[PDB]
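Read the numbers this way: they start at 1 and go in the same order the structure lists the ligands and their atoms. Labels below follow one simple rule: chain letters A, B, ... track the order of the sequence lines, proteins then strands, and each chain is numbered from 1.
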Number of protein chains: 2
Amino acid sequence: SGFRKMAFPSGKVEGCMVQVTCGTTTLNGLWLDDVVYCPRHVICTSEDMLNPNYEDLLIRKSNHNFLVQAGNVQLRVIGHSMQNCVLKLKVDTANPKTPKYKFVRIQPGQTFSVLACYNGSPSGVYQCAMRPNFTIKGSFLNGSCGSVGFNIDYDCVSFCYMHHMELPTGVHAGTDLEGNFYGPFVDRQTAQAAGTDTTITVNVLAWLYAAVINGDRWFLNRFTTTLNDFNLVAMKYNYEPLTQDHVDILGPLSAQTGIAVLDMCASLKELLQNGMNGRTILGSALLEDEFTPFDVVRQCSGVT
Amino acid sequence: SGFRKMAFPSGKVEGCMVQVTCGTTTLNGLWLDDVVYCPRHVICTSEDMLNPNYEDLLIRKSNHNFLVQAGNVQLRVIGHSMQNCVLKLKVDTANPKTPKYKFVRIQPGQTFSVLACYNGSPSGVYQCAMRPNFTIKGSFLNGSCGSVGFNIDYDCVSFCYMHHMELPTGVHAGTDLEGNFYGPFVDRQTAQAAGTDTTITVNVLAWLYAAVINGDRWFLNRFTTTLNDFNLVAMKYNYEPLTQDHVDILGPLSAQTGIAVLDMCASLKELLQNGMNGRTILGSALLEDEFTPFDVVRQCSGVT
Ligand SMILES: CS(=O)(=O)Cc1nc2ccccc2[nH]1
Ligand SMILES: CS(=O)(=O)Cc1nc2ccccc2[nH]1
């Protein structure tokens, strides 16, 4: 029993983190096979970040200007290319610790683990969600860029995020491992404001199922609702609309608990309208939305 | 910026997890050098757990009855001994992945990372605190016993916890790596009720400093207090008494922020008396107490 915000074990990703330095800028790279992936803004000064022309800045860079260090050992750079907002540094040594891996572009509401790194060294691991406004709420200091987000399915690491930017509001923006930003964000130090940070309804419902499984039951009520009725309330509270696809995804938790998805919606509706009244659910005083239905099943069933 | 509940990177501990089976019981062991450490209740049936005589049960066990598997490779057991509530299984192979390590017995209010495992395979990592009643609020299913808690200082793993028991209230009890339970708990399926789960005041204050550093400032007020006045309010709210030692430990955060510890106490006093009024601090609607002052400094400074 018990339900925690749980990250994936980080060892497979620790074995991929390297330091990348270009001139006076040091950040992290991801070493898979004989390629090191890092944010292209490694080539920028803080001054450059105001209005960078990456193609123009990159002309002044040679392979020997990209210093890549794996632990205390230097890697030889034999090629570089820019793909969207990432650089791919070809090195002459395949990472001997390269796990089975994939690059995946996640959807808003999907969760992942972040291995926060500085100078190519892992500092900590924590669980994130892709917000509906395509930001993440991370923990990233200067030097953390190129830290990655990932999921693990048994022995395959799906890399989904690389850290690039902090917005003036202290939320985070980054790319997939093809270097495409999530959402509208750019790697420039400019006016970039995030949209509404809506609540991931399907994840809240998953977490309420988790709560029932783990004996937190006080919020269960005598009511049901419909998707349309629920959605009128979601809209009012800046929750994401619940779709039949979401109801289908919650089917296994519904089955395990015997609580119909629409009955759990009506519990959530009352919690939104009435608040928690100073009560807690799984140790939280707000409705938690960074567990997916898959996360809840995984943690409640003990997948390794 | 941003402040997350962050675990230590788990790779160094992943490389130490093995499966231990005795008869029909499978749980996890920790393989360091040529010793595998596991809960002594591996020798029990569920029936045995009602009133186990461990010395008597152990007489019926030989080295060859302890099946130890590291990945898909069997380890040869050449000795076993019971130390308090752990078994030490001597194997004929030193763990090649043994990190620098120490065994430490932590104090209530200290935090640590847990690597939740099943069948010797890591499932997830999360951050815990030793509660003032010597329980932890973990995430542990059948098969998770022998999962460990740890801190890392650069390259040295300090192991502080091994998982043994779930209480009927769904909180967790375990031992240090010398097999001594934290608190009054025993490895028997009996009436064991936890005491008051008081709030770790010094950790709340650390987290309020973290909040100020990360731009959450609304709760700062025009008031100060004294330790004695603060402690009258702590007592009323089931907070741990704040000592001068705690004030001293908060000195670096006080210095960084320029907020006197006693002024932050007076902010906490008002939050206790007035509540949050539907506001959040670092994304929480309750006062978080599973960050130590050391955790806040580490995360705010980016230690690897
Ligand atoms: C990337 S490569 O050098 O073209 C081929 C390769 N990929 C590897 C991954 C791990 C170990 C050796 C490996 N050789
Ligand atoms: C424990 S032992 O067999 O007595 C000595 C030992 N400890 C080691 C740790 C890592 C690799 C080889 C090692 N040999």
Chemist: Under a 3.5 Å cutoff, is there a donor and acceptor pairing between the side chains of A:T292 and A:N203?
Modeler: no

Chemist: Tell me whether A:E178 is salt-bridged to A:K88, with the criterion being a basic N under 4.0 Å from an acidic carboxylate O.
Modeler: no

Chemist: Answer with yes or no whether the side chains of B:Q127 and B:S113 bring together a donor and an acceptor at under 3.5 Å.
Modeler: yes

Chemist: Does A:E55 pair with A:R40 as a salt bridge, N-O distance under 4.0 Å?
Modeler: no

Chemist: Return the residue, atom name and 0.1 Å-rounded distance of the protein heavy atom closest to atom 12 (C) of ligand 1.
Modeler: A:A94 CB, 3.8 Å

Chemist: Below 4.0 Å, non-hydrogen atoms only: which portion of B:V35 touches ligand 2? Side chain, backbone, both or neither.
Modeler: neither

Chemist: Among all protein heavy atoms, pick the one closest to atom 4 (O) of ligand 1 and tell me residue, atom and distance.
Modeler: A:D34 OD2, 3.5 Å

Chemist: Closest non-hydrogen protein atom to atom 10 (C) of ligand 1, residue and atom name please, with distance?
Modeler: A:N95 O, 3.1 Å

